[PDB]
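Just one chain is shown here, as structure tokens, and it is the form deposited in one PDB entry.
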């Protein structure tokens, strides 16, 4: 009885807090009326906490605003559920208020108040809430537990079941509300595109969707590339091709990944999830907030080089040093503006990460948000095993994640693709 695609035939929520930050930058008004997801990055964000990350508006404030913006017609707001115990277990920049042993608090003091507020808007027949479920959680239990590269925190979150159970709890509590549409976070191709990562991620997604009373029927779909930078389509790169006595997969960039872009990845992931037992009508989202890679450095066509790494590096639109470079990526532009059913199996390209909000601080900054200094956000960081021991490629002088980052917004705007 819920629509096949919550984005189809609907106005899109404009977040007034984000809108005002965007319009305040030079040329910012050009994107100020784009739709961006509202993040519930802590318990305080539910009622409203007057914070750097979420301003003065609580959830009810946003949902009342969304109803106002709607004109009684279908309107879709995206709400990010992002507060698991031991949140961000393989990193530090977005560790949260709830520790690894605090599932009970997540349930009763985070999910339960959110579900209560959303139940109050269930009598608004034309309000559609897209709930985006726990970014950067379940794939950590596949890729960051094995010890050789992993973390003890992620290993613990696997053994105590906090991620799996927290997600399943959110899926049922929110999924049983008549106008709520759950999309599970599905990393991106640069994380789980590999043979050793792909199937085991499908497995854990399925595990989580059957935890805490949930079934696959509470899952409307999946989102990739949330708060990341991976190309939607790599027009001049074919992951299975050659140059010229060597495989594209042998390049430093591809590095034996099965995918070079998000689209081919979500399309394959969609088929595998269905075969695993997810509903056949599931739709994928791709977060295109920051994956445009436009401006004067965007390749105009395939390279003429017959050197493997040179062909790849000159042909690729994702201009990062390594696909594991996730923080405040230098040279990134705004991607495709939110669009309905842009491709087979894709419900929408969406702006979930709000452009201009930081991925993390480039130095130690004292905070009350539970966030530590993550060296992947330090421009001078020479890296580790997860990123091929490469420079971070992070932008200098970045503030705490979620805080406004003027330099990043300006660059993103300048490098928008397609051009504004």
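In this text, the rigid core denotes the largest set of C-alpha atoms whose superposition between the two forms falls within 1.5 Å. Residues that one form lacks are left out of the comparison. Numbering follows the first chain given and starts at 1.
What follows is about the form deposited in another entry, which we do not show.
J.: Choose, among 153, 330, 92, 177, the residue with a C-alpha displacement of 2 Å or more between this form and the one not shown when the rigid core is used for superposition.
T.: Residue with a C-alpha shift of 2 Å or more: 92.
J.: Does residue 367 move its CA by 2 angstroms or more between this form and the one not shown when the core is aligned?
T.: Yes: residue 367 shifts by at least 2 Å between this form and the one not shown.
J.: Where exactly does the backbone move between this form and the one not shown? Looking for runs of 3+ consecutive residues, each with a CA shift of 2 angstroms or more after core alignment.
T.: Residues 92-95, 367-371 form the runs that move by 2 Å or more between this form and the one not shown.
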